[PDB]
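*Asks:* Just dropping this structure here.
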Amino acid sequence: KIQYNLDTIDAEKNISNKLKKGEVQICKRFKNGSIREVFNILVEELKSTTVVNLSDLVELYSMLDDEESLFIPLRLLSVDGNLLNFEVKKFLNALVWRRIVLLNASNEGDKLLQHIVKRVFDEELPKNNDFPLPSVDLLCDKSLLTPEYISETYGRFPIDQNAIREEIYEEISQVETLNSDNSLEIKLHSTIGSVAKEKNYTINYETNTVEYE
């Protein structure tokens, strides 16, 4: 199944142009090690004549350090997520939100999270498809790192796949620490609740999903 479309080609073009202009940059967390080599390899796929598959494009966006760059992959997964199998979409959604949570944790006040959640509603993402919300269960699901997922996703890179697994494990562990005393569950609930309150959407607590009213 072809894993790109006009939408993802536009998104690739935009991030390639920003990277060439130095307008976006890798987040300090991914500057060294095997995870850096992933970044480096994806940046060369960007520059190559071959179109970047949505899964690779989402991963690259998710390693950047600005609010717009982290929102774009939520949009891509919401709008173009039919390019992916459900397991890859789930893993990627958790990957992106985990990286937003970890970056948000870098300043007091939760502005990055608030800005991203607001934009999800401002671009009416749930209007066009029911939008999965982040949850601490999703974010800390270490069981999503199956050896099949990792071999499939990273197998073709000249990188130790187990070192990739361990770095993602580290992210999961760090997120778990942020949820001491349920602090992250609360801040997720409150942010989303607050942005959504008077907007034309209901939160379907059954499926932790946002639906258009």
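Ordering of the structure tokens sets the chain letters (A, B, ...), residue numbers begin anew at 1 in every chain, and ligands are numbered from 1 in the order given.
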Please provide as a VMD selection string all residues within 12 Å of residue A:202, with the sequence filter that same-chain residues fewer than 2 positions apart are discarded (counting only C-alpha atoms).
*Replies:* chain A and resid 121 126 to 127 130 to 131 133 192 to 200 204 to 213
*Asks:* Quick one: DSSP strand (DSSP E or B) residues in stretch 10-198 of chain A, as a PyMOL selection string?
*Replies:* chain A and resi 26+64+131-132
*Asks:* Hey, what's within 9 Å of residue A:5 if we count only C-alpha atoms and toss same-chain stuff fewer than 6 positions away? As a count of residues only, please?
*Replies:* 4
*Asks:* Contacts of residue A:74 at 10 Å or less, counting only C-alpha atoms, minus same-chain residues fewer than 5 places along, as a list in words?
*Replies:*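 Near neighbours after the sequence-gap exclusion: residues 58, 61, 62, 69, 79, 80, 81, 92, 93, 96, 97, 116, 120, 125, 131 and 132 of chain A.
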*Asks:* Taking only chain A into account, list the residues labelled alpha helix (DSSP H) by DSSP (computed from the backbone), as an MDAnalysis selection string.
*Replies:* chainID A and resid 6:20 33:47 54:61 67:80 86:104 111:122 125:128 136:139 147:154 161:178 183:196
*Asks:* May I have the residues within 10 Å of stretch 111-114 of chain A as a ChimeraX atom specification, using only C-alpha atoms and disregarding those fewer than 5 positions away in the same chain?
*Replies:* /A:66-68,70-71,97,100-106,119,187-188,190-192,194-195
*Asks:* Could you list, as a list in words, every residue within 12 Å of residue A:152, counting only C-alpha atoms and ignoring same-chain residues fewer than 4 positions away?
*Replies:*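 Neighbouring residues, sequence-local ones excluded: residues 55, 56, 87, 88, 145, 146, 147, 148, 156, 157 and 161 of chain A.
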*Asks:* Rank nothing, just name the residue among A:160, A:59, A:108, A:176 nearest to residue A:95, using only C-alpha atoms.
*Replies:*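 Closest to residue A:95, using only C-alpha atoms: A:59.
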*Asks:* Suppose you want the space between atom CA of residue A:155 and atom CA of residue A:89; what is it in Å?
*Replies:*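 Taking atom CA of residue A:155 as the start and atom CA of residue A:89 as the end point, the length is 18.1 Å.
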*Asks:* Considering only C-alpha atoms, return as a short mmCIF file (atom, residue, chain, number, x, y, z; two decimals) with C-alpha atoms, in the first residue's frame whatever protein or nucleic-acid residues lie within 9 Å of residue A:24, sequence-local ones (same chain, fewer than 4 positions apart) excluded.
*Replies:*
data_model
loop_
_atom_site.label_atom_id
_atom_site.label_comp_id
_atom_site.auth_asym_id
_atom_site.auth_seq_id
_atom_site.Cartn_x
_atom_site.Cartn_y
_atom_site.Cartn_z
CA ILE A 15 10.00 20.68 6.40
CA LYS A 18 12.63 24.91 6.78
CA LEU A 19 15.53 22.63 7.43
CA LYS A 20 17.58 24.15 4.53
CA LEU A 64 12.14 18.82 16.16
CA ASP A 65 11.92 21.42 18.87
CA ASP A 66 9.15 23.82 17.93
CA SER A 69 6.70 20.98 13.89
#
*Asks:* Atom CA of residue A:128 and atom CA of residue A:84 are how many Å apart?
*Replies:* 17.1 Å
*Asks:* What is the distance, in Å and to one decimal place, between atom CA of residue A:35 and atom CA of residue A:182?
*Replies:*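 Separation of atom CA of residue A:35 and atom CA of residue A:182: 28.8 Å.
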*Asks:* Using only C-alpha atoms, which residues of stretch 92-150 of chain A come within 7 Å of stretch 162-172 of chain A, and what is the closest atom pair for each, with the distance in Å to one decimal? Give it as CSV, sorted by chain and residue number.
*Replies:*
residue,atom,partner,partner_atom,distance
A:139,CA,A:172,CA,6.9
A:140,CA,A:172,CA,5.3
A:142,CA,A:172,CA,6.7
A:145,CA,A:165,CA,6.9
*Asks:* Of the residues A:90, A:75, A:13, A:99, which is the one nearest to residue A:26, using only C-alpha atoms?
*Replies:*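 That would be A:99, the residue with the smallest distance to residue A:26.
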*Asks:* For each of A:203, A:38, A:43, A:138, take the minimum atom-to-atom distance to residue A:175, counting only C-alpha atoms, then give the residue where this is smallest.
*Replies:*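 Distance minimum relative to residue A:175 lands on A:138.
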